[PDB]
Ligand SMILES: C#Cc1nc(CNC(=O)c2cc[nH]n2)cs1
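This document starts with one chain, in the form solved without this ligand, laid out as structure tokens.
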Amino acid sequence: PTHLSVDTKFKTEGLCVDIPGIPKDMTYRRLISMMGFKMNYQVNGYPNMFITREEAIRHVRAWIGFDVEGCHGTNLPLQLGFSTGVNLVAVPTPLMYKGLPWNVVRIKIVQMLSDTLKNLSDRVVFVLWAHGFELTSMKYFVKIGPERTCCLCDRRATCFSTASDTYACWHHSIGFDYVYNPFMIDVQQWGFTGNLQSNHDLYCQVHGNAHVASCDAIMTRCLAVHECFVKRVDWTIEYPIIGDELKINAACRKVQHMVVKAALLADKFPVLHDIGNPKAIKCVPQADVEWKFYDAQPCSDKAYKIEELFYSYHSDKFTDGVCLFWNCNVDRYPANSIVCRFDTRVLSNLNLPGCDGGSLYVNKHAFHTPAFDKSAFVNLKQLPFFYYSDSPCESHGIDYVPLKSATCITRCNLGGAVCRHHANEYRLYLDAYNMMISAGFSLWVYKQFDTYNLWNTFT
């Protein structure tokens, strides 16, 4: 019930063109042996090179699509393709590299995986659409053995070096030549009818097939991502903290209280329609406004049609007051809205590439977010930075260099000079806002929003 048993059956139909005459009855134990790996009954935390769908989902940050195409079987050169976009050519003697021997190819494989995964995961998961040559070629760049630790640190071992007989994690594997103890999963064992391209092209129109191994590796991991995260959503799975997850979420909550609290003071809306997370709370609990909630889970597939969220017959008058769409992804936002929308294009360790232009955002939980579409925001404008505070000016306590800013909306700045307390709070809030923007989130607001209306709240 925890791992994939080596005695589970492996459907070999998808392997009989590269491997003609392959037995119909086959288990993982025989398949691993067939690949050139003697497991020799080793109870050292590595029960099987292959894993379950649930284990692959728990370790999605490790997924690397892998495909091998025959450029002509120890006679023919192989094209090794990865979801990173790399194409290596191995000779037995998008990045498309020329034909080189296995000893140099295996060195580049360790470099590529270590640079790709060092800040993502403690392992690699080869996501396959197994036809034969990828499983047979693994003996040339993979060495297996008991679970281990890094020679330079305490992280688990993910690489091996024959030159120095030592093991290393993804950070200390410079010059290492073997992938040590990788994991893998064959998507073809999930019961797909038809080939990779047909199943991929059913959900994703963003990846095309140039017939190169990398294109297939991308389509494989994409289709695996769709199956596990787009159409199957398991928000119960927690994920390790691998970066600024805590500061990003703290920043978002701070920005959220700030933007909503200020909009309510500037335009004095009677009602706020909060559309999104069914578990969300009032971000501004002391606000005068009538707060109404609408439940809508994170749409993993496509953005919600505003016509299905509001219409079809709650105040029902969504045009009265302001709508708050905090991370609720809709096709076109109404003009009376405050919106936080995650930009799927952002380059970060928390954002993994998704399906159909979307992205898998892993921050405590995995959220496949649909593609960012700038046209969702035609009735709105980008929210400009500001810091508002109605709190008393009282230091209570962080050194000081006089703060002079137009965007620090406080009583002290109204009356001339900014005080030390609001000056610390301004720089802390500025850092949180910067944290939030860089983490790929974008803020938008109704066109009539003006920060000038906030000075009046000081009388």
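Counting begins at 1, following the sequence as shown.
J.: Could you tell me how many residues of the deposited sequence sit unmodelled between residue 313 and residue 314 (none, 1 to 3, 4 to 9, 10 or more)?
T.: Just 1 to 3 residues are missing between them.
J.: Please classify the unmodelled stretch of the deposited sequence between residue 382 and residue 383: none, 1 to 3, 4 to 9, or 10 or more residues.
T.: Unmodelled stretch: none, continuous chain.
J.: Where do the C-alpha atoms have the higher mean temperature factor in this entry, in 281-289 or in 183-191?
T.: Averaging CA B-factors over each stretch, the winner is 281-289.
J.: Using only C-alpha atoms and the B-factors in the entry, which stretch averages higher, 160-168 or 105-113?
T.: 160-168 has the higher mean C-alpha B-factor.
J.: Considering only 398, 51, 62, 32, which residue's Cα atom bears the greatest B-factor as recorded?
T.: Within the set 398, 51, 62, 32, 398 shows the top C-alpha B-factor.
J.: Which listed residue, 334, 370, 146, 353, has the largest C-alpha temperature factor in the record?
T.: 146 has the highest C-alpha B-factor of those listed.
J.: How does the C-alpha B factor of residue 75 compare with the rest of the chain: lowest, middle or highest third?
T.: As the PDB entry reports it, the C-alpha B-factor of residue 75 lands in the highest third of its chain.
J.: Using the temperature factors of the C-alpha atoms in this entry, rank residue 361 within its chain: lowest, middle or highest third.
T.: Lowest third.
J.: Relative to the other modelled residues in the chain, which third contains the C-alpha temperature factor of residue 66: lowest, middle or highest?
T.: It belongs to the lowest third of the chain when residues are ordered by C-alpha B-factor.
J.: Would you check the entry's CA temperature factor for residue 343 and let me know if it's in the chain's lowest, middle or highest third?
T.: For residue 343, whose C-alpha B-factor we compare with every modelled residue in the chain, the answer is the lowest third.
J.: Compare the C-alpha B factor of residue 245 with those of the other modelled residues in its chain, then answer lowest, middle or highest third.
T.: For residue 245, whose C-alpha B-factor we compare with every modelled residue in the chain, the answer is the middle third.
Only in words, not in the display: the form solved in complex with this ligand, which the text now covers.
J.: At 2.4 angstroms from backbone or C-beta atoms, do at least 3 atoms of this ligand clash after superposing the site C-alphas onto the pose in the bound PDB entry, making the site blocked, or is it open?
T.: After C-alpha superposition the pocket is blocked.
J.: Of the options 389, 79, 114, 188, which one has a non-hydrogen atom that comes within 4.5 Å of this ligand in the bound PDB entry?
T.: After the contact test, the surviving option is 79.
J.: Classify residue 151 as contacting or not contacting this ligand in the bound PDB entry by the rule of any non-hydrogen atom within 4.5 angstroms, answering yes or no.
T.: Close contact is absent here: in the bound PDB entry, residue 151 is far from this ligand, nothing within 4.5 Å, heavy atoms only.
J.: Is residue 213 a contact residue for this ligand in the bound PDB entry, using a 4.5 Å heavy atom cut-off?
T.: Close contact exists here: in the bound PDB entry, residue 213 approaches this ligand to within 4.5 Å, heavy atoms only.
J.: For the stretch 432-456, return the residues whose heavy atoms include at least one within 4.5 Å of this ligand in the bound PDB entry, in the order they occur.
T.: Read in sequence order, no residue approaches this ligand (within 4.5 Å, in the bound PDB entry).
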